[PDB]
file entry_17.cif (mmCIF, N, CA and C atoms and all ligand atoms)
data_entry
loop_
_atom_site.label_atom_id
_atom_site.label_comp_id
_atom_site.auth_asym_id
_atom_site.auth_seq_id
_atom_site.Cartn_x
_atom_site.Cartn_y
_atom_site.Cartn_z
N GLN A 1 0.86 -1.22 0.00
CA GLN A 1 0.00 0.00 0.00
C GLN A 1 0.88 1.25 0.00
N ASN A 2 1.87 1.29 -0.85
CA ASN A 2 2.76 2.49 -0.90
C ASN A 2 2.21 3.53 -1.87
N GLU A 3 1.70 4.62 -1.37
CA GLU A 3 1.14 5.67 -2.27
C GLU A 3 1.84 7.00 -2.02
N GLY A 4 3.10 6.93 -1.73
CA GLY A 4 3.88 8.17 -1.51
C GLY A 4 4.43 8.58 -2.87
N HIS A 5 3.56 8.64 -3.84
CA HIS A 5 4.00 8.96 -5.22
C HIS A 5 3.04 9.92 -5.91
N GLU A 6 3.30 10.22 -7.14
CA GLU A 6 2.33 11.06 -7.88
C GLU A 6 1.39 10.09 -8.56
N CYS A 7 0.12 10.22 -8.37
CA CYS A 7 -0.80 9.24 -9.00
C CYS A 7 -0.38 9.05 -10.46
N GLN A 8 0.10 7.88 -10.80
CA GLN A 8 0.57 7.66 -12.20
C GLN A 8 -0.29 6.62 -12.91
N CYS A 9 -1.55 6.60 -12.62
CA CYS A 9 -2.44 5.61 -13.28
C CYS A 9 -2.66 6.04 -14.74
N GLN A 10 -2.74 5.11 -15.64
CA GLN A 10 -2.96 5.49 -17.07
C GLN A 10 -4.46 5.56 -17.36
N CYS A 11 -5.25 5.73 -16.33
CA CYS A 11 -6.71 5.80 -16.50
C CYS A 11 -7.15 7.25 -16.72
N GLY A 12 -8.42 7.49 -16.61
CA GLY A 12 -8.95 8.87 -16.76
C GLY A 12 -9.41 9.33 -15.38
N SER A 13 -9.61 8.40 -14.48
CA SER A 13 -10.05 8.77 -13.10
C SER A 13 -8.87 9.36 -12.33
N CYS A 14 -7.67 8.93 -12.61
CA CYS A 14 -6.50 9.47 -11.91
C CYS A 14 -5.99 10.69 -12.68
N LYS A 15 -5.91 10.56 -13.97
CA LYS A 15 -5.42 11.68 -14.82
C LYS A 15 -6.17 12.98 -14.48
N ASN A 16 -7.46 12.91 -14.27
CA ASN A 16 -8.24 14.15 -13.96
C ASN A 16 -8.75 14.14 -12.52
N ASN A 17 -9.63 13.24 -12.18
CA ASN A 17 -10.17 13.20 -10.79
C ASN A 17 -9.03 13.25 -9.78
N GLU A 18 -8.83 14.39 -9.18
CA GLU A 18 -7.74 14.52 -8.18
C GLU A 18 -8.21 13.98 -6.83
N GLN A 19 -9.36 13.38 -6.80
CA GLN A 19 -9.88 12.84 -5.50
C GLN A 19 -9.22 11.50 -5.19
N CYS A 20 -8.64 10.91 -6.18
CA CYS A 20 -7.97 9.60 -5.99
C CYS A 20 -6.48 9.71 -6.33
N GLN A 21 -6.06 10.84 -6.83
CA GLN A 21 -4.62 11.03 -7.17
C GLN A 21 -3.88 11.57 -5.94
N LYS A 22 -4.47 11.42 -4.79
CA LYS A 22 -3.85 11.95 -3.54
C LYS A 22 -2.89 10.95 -2.93
N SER A 23 -3.42 9.89 -2.43
CA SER A 23 -2.56 8.87 -1.77
C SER A 23 -2.91 7.44 -2.19
N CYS A 24 -3.00 7.21 -3.47
CA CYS A 24 -3.31 5.86 -3.97
C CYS A 24 -2.02 5.03 -4.00
N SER A 25 -2.03 3.85 -3.45
CA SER A 25 -0.77 3.05 -3.43
C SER A 25 -0.53 2.37 -4.77
N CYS A 26 -1.16 2.82 -5.80
CA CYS A 26 -0.93 2.21 -7.12
C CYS A 26 0.57 2.19 -7.40
N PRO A 27 1.12 1.01 -7.48
CA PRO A 27 2.57 0.88 -7.77
C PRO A 27 2.81 1.38 -9.18
N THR A 28 3.22 2.63 -9.28
CA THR A 28 3.44 3.31 -10.59
C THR A 28 3.77 2.33 -11.69
N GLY A 29 2.74 1.66 -12.00
CA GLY A 29 2.69 0.63 -13.04
C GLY A 29 1.22 0.39 -13.40
N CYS A 30 0.29 0.82 -12.55
CA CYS A 30 -1.15 0.59 -12.86
C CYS A 30 -1.49 1.11 -14.26
N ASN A 31 -1.80 0.21 -15.16
CA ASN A 31 -2.15 0.63 -16.54
C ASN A 31 -3.34 -0.18 -17.05
N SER A 32 -4.22 -0.56 -16.16
CA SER A 32 -5.41 -1.36 -16.58
C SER A 32 -6.67 -0.82 -15.90
N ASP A 33 -7.81 -1.04 -16.48
CA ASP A 33 -9.08 -0.54 -15.87
C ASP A 33 -9.56 -1.51 -14.78
N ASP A 34 -9.45 -2.79 -15.02
CA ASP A 34 -9.89 -3.78 -13.99
C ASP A 34 -8.74 -4.14 -13.08
N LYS A 35 -7.85 -3.23 -12.94
CA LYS A 35 -6.69 -3.42 -12.04
C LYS A 35 -6.51 -2.11 -11.31
N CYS A 36 -7.61 -1.43 -11.15
CA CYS A 36 -7.61 -0.13 -10.46
C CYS A 36 -8.76 -0.06 -9.51
N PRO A 37 -8.64 -0.80 -8.48
CA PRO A 37 -9.66 -0.77 -7.45
C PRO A 37 -9.32 0.35 -6.49
N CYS A 38 -8.84 1.43 -7.05
CA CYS A 38 -8.44 2.61 -6.25
C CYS A 38 -9.62 3.51 -5.96
N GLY A 39 -9.63 3.99 -4.78
CA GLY A 39 -10.69 4.91 -4.32
C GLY A 39 -10.03 6.00 -3.47
N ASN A 40 -8.72 6.03 -3.44
CA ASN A 40 -8.02 7.06 -2.62
C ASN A 40 -6.66 7.39 -3.23
AG AG B 101 -3.33 6.19 -9.03
AG AG B 102 -6.53 4.94 -11.96
AG AG B 103 -5.82 8.84 -9.02
AG AG B 104 -7.21 6.45 -8.72
AG AG B 105 -4.74 4.55 -7.24
AG AG B 106 -5.11 2.26 -13.03
AG AG B 107 -4.93 2.27 -10.08
#

call {"tool": "encode", "arguments": {"input": "entry_17.cif", "output": "structure tokens", "more": "lines below"}}
Ligand SMILES: [Ag+]
Ligand SMILES: [Ag+]
Ligand SMILES: [Ag+]
Ligand SMILES: [Ag+]
Ligand SMILES: [Ag+]
Ligand SMILES: [Ag+]
Ligand SMILES: [Ag+]
result
Amino acid sequence: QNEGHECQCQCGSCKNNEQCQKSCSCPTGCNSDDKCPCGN
């Protein structure tokens, strides 16, 4: 759960919605839609 990064999801929810680009532990590799169970 390491989210000490800049939200680097290749989705549209992270690219724009800054509500989840705050502290998401997405291992700066998340590049799939059904691999983004992120909500923070
Ligand atoms: Ag993210
Ligand atoms: Ag995302
Ligand atoms: Ag995000
Ligand atoms: Ag997100
Ligand atoms: Ag995330
Ligand atoms: Ag993603
Ligand atoms: Ag993600």

call {"tool": "residues_around", "arguments": {"input": "entry_17.cif", "residues": "residue 20 of chain A", "least_positions_apart": "6", "cutoff": "8 Å", "atoms": "all atoms listed in the file", "output": "list in words"}}
result
residues 7, 13, 14, 38, 39 and 40 of chain A

call {"tool": "atom_distance", "arguments": {"input": "entry_17.cif", "atom1": "atom N of residue 11 of chain A", "atom2": "atom AG of ligand AG 106 (chain B)"}}
result
4.8 Å

call {"tool": "closest_residue", "arguments": {"input": "entry_17.cif", "among": "A:2, A:15, A:21, A:10", "to": "residue 33 of chain A", "atoms": "all atoms listed in the file"}}
result
A:10

call {"tool": "residues_near_ligand", "arguments": {"input": "entry_17.cif", "ligand": "ligand AG 107 (chain B)", "cutoff": "7 Å", "atoms": "only C-alpha atoms and all ligand atoms", "output": "CSV table (one decimal) with N, CA and C atoms, in the frame of the given file"}}
result
chain,number,residue,atom,x,y,z
A,9,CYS,N,-1.6,6.6,-12.6
A,9,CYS,CA,-2.4,5.6,-13.3
A,9,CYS,C,-2.7,6.0,-14.7
A,26,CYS,N,-1.2,2.8,-5.8
A,26,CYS,CA,-0.9,2.2,-7.1
A,26,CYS,C,0.6,2.2,-7.4
A,30,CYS,N,0.3,0.8,-12.6
A,30,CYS,CA,-1.2,0.6,-12.9
A,30,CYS,C,-1.5,1.1,-14.3
A,35,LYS,N,-7.8,-3.2,-12.9
A,35,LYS,CA,-6.7,-3.4,-12.0
A,35,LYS,C,-6.5,-2.1,-11.3
A,36,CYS,N,-7.6,-1.4,-11.2
A,36,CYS,CA,-7.6,-0.1,-10.5
A,36,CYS,C,-8.8,-0.1,-9.5
A,37,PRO,N,-8.6,-0.8,-8.5
A,37,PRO,CA,-9.7,-0.8,-7.4
A,37,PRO,C,-9.3,0.4,-6.5
A,38,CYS,N,-8.8,1.4,-7.0
A,38,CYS,CA,-8.4,2.6,-6.2
A,38,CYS,C,-9.6,3.5,-6.0

call {"tool": "residues_around", "arguments": {"input": "entry_17.cif", "residues": "residue 1 of chain A", "least_positions_apart": "2", "cutoff": "7 Å", "atoms": "all atoms listed in the file", "output": "list in words"}}
result
residues 3, 4, 24, 25 and 26 of chain A

call {"tool": "axis_aligned_box", "arguments": {"input": "entry_17.cif", "around": "segment 17-34 of chain A", "padding_each_side": "8 Å", "output": "lines of an AutoDock Vina configuration file"}}
result
center_x = -3.2
center_y = 5.2
center_z = -9.4
size_x = 29.9
size_y = 34.7
size_z = 31.3

call {"tool": "closest_residue", "arguments": {"input": "entry_17.cif", "among": "A:5, A:23, A:17, A:29", "to": "ligand AG 105 (chain B)", "atoms": "all atoms listed in the file"}}
result
A:23

call {"tool": "atom_distance", "arguments": {"input": "entry_17.cif", "atom1": "atom CA of residue 32 of chain A", "atom2": "atom CA of residue 6 of chain A"}}
result
17.0 Å

call {"tool": "atom_distance", "arguments": {"input": "entry_17.cif", "atom1": "atom C of residue 28 of chain A", "atom2": "atom AG of ligand AG 103 (chain B)"}}
result
11.9 Å
